[PDB]
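Worksheet for the structure shown next.
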Ligand SMILES: C[S@@+](CC[C@H](N)C(=O)[O-])C[C@H]1O[C@@H](n2cnc3c(N)ncnc32)[C@H](O)[C@@H]1O
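Residue numbers (the deposited numbering): 10 to 129, 136 to 192.
Here is the structure:
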């Protein structure tokens, strides 16, 4: 397809991912128990669980520990760049995603002006992998000075105990291991 059409379709995966998830696509009685956006990274926010103090009367706060630290692993980056693999964080947790040959990730934030049109049935499976089936993220600056990170992708845990990966519109059955 045209370069413009690829980019328009990629941008749509972003819009589709923000659409409200309310019921399972094949099981309309099944409802979402947790929705986690997927931001591929080699970095983690972590809270100390406790400060150890030498004063019996400390500066009062709601919660033991402290504000979050950012930590990183050089290991996590190989994998996302081979497009075979990815890590992401949700709450205090680290998830590892093992990618099948029919999905991919792009680690660098998406910017359309640098998007390369590689297409002047095994060329169609290729055009679809990179437009519909590639996990991506982008990064925006508001008119109110806010920085907005957006992802293509969502991991959903369902009311029946199952899990799916939403990539834009498309749905992939997924399993916890
Ligand atoms: C997290 S689940 C269910 C949580 C519920 N308290 C439970 O554990 O049974 C549904 C919620 O996830 C959020 N959500 C809905 N659509 C989403 C989307 N496209 N991307 C990220 N989060 C979404 C909304 O806040 C929605 O109410």
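By construction, the Cβ of each residue, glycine as well, lies at the ideal position given by its N, Cα and C atoms.
About 4 Å separates the Cβ atoms of residue 51 and residue 85, confirming a contact at the 8 Å cut-off. The distance from the Cβ of residue 19 to that of residue 187 is about 18 Å, inconsistent with a contact at the 8 Å cut-off.
Counting only runs of 4+ residues, no alpha helix (DSSP H) is found wholly inside the region 140–187. 59 is the residue among 108, 83, 176, 59 whose C-alpha sits nearest the C-alpha of residue 73. Shortest Cα-Cα distance from residue 105 to any of 17, 94, 114 involves 94.
Within 6 Å of the C-beta of residue 37 there is not a single heavy atom belonging to ligand 1. Nearest to residue 12 by C-alpha distance, out of 121, 173, 55, 160, is 121. For residue 171, the CB contacts under 7 Å within the same chain, skipping 5 residues up- and downstream, are 30, 41, 44, 178, 179, 181 in chain order. Residue 183 places its beta carbon 7 Å or farther from that of residue 17.
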